[PDB]
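Have a look below at one chain only, the form deposited without the named molecule, in structure tokens format.
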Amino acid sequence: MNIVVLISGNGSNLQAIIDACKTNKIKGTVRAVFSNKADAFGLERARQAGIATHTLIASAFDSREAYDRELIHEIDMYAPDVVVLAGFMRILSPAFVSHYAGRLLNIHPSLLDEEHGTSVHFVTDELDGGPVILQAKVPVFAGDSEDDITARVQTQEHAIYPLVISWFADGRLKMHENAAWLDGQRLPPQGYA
């Protein structure tokens, strides 16, 4: 499976993807990693694991169209079967999303008083919408810090973002007709339960 990741920062996520591929949990390989921030520590994790990296920075291009054209150019160069977004702070164009749609995945620290957890989903439009594959929820106990919450979530992401990519890996996930479908069965807007 030719997995390309996009990032904008730490790479903790990128990381678990990477490991799961080295442990052959995900039956794929991360071929390139792209960042849109030059000092993104995740770049370093990529270099450490010998994965090639490219960094396009908007200031370097004179229209977000030119930026996307270039980005879609360098990405396709690796022939991705999946394009994972593991913390890419960027406003996606129509054209970019279409170009990848069905292969484009992205994860939120949220599920879509206040409960916490992550949601993994097929991106389907430029406002970051589309079929949830899997929502997971994180408890908050009496007296944890914002940081404790944030960790729990972080951990959760590491636990499911891999896994949803394994389902795509073994051909168990496919999105069509704007719905995510795992094993033939269409999933409700909450994802697999």
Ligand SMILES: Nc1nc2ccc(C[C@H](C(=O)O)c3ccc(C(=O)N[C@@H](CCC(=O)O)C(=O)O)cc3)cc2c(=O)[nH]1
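Numbers for residues come from their place in the sequence shown, where the first is 1. Rigid core (definition): largest C-alpha set, two forms, superposition within 1.5 Å.
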property	result
Residues with no coordinates between residue 112 and residue 113, taken from the deposited sequence as a class	10 or more
Residue stretch of maximal mean CA temperature factor, 143-151 vs 59-67	143-151
Of 78-86 and 100-108, the stretch whose C-alpha atoms average the higher B-factor in the entry	78-86
Residue, from 42, 28, 129, 50, that the PDB entry assigns the highest Cα B-factor	129
Relative C-alpha B-factor of residue 123, binned into the chain's lowest, middle or highest third	lowest
Relative C-alpha B-factor of residue 176, binned into the chain's lowest, middle or highest third	highest
Cα B factor band for residue 161 (lowest, middle or highest third within the chain)	lowest
Residue 3 CA temperature factor, ranked by third within the chain	middle
Residue 72 by Cα B-factor - lowest, middle or highest third of the modelled chain	highest
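The same protein also has a form solved in complex with the named molecule, omitted here; what follows describes it.
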| property | result |
| --- | --- |
| Binding-site state, shown form vs the named molecule in the deposited complex, superposed, 3 or more atoms under 2.4 Å of backbone or C-beta | blocked |
| The unique member of 111, 82, 71, 97 whose heavy atoms fall within 4.5 Å of the named molecule in the deposited complex | 97 |
| Contact assignment for the named molecule in the deposited complex, among 144, 65, 44, 126, heavy atom within 4.5 Å | 126 |
| Residue 88: touches the named molecule in the deposited complex, heavy atom cutoff 4.5 angstroms | yes |
| Contact flag, residue 92 vs the named molecule in the deposited complex, heavy atom cut 4.5 Å | yes |
| Candidate stretches 127-135, 48-56, 162-170, 27-35 - the one whose heavy atoms come within 4.5 Å of the named molecule in the deposited complex | 127-135 |
| Neighbours of the named molecule in the deposited complex among 138-158 [non-hydrogen atom within 4.5 angstroms] | none |
| C-alpha of residue 60 off by 2 Å or more between the shown form and the other one on rigid core | no |
| Rigid core superposition, residue 126 Cα moves 2 angstroms or more between the shown form and the other one | yes |
| Direction of Cα pair change residue 77-residue 126 in the deposited complex, magnitude 3 angstroms or more | farther |
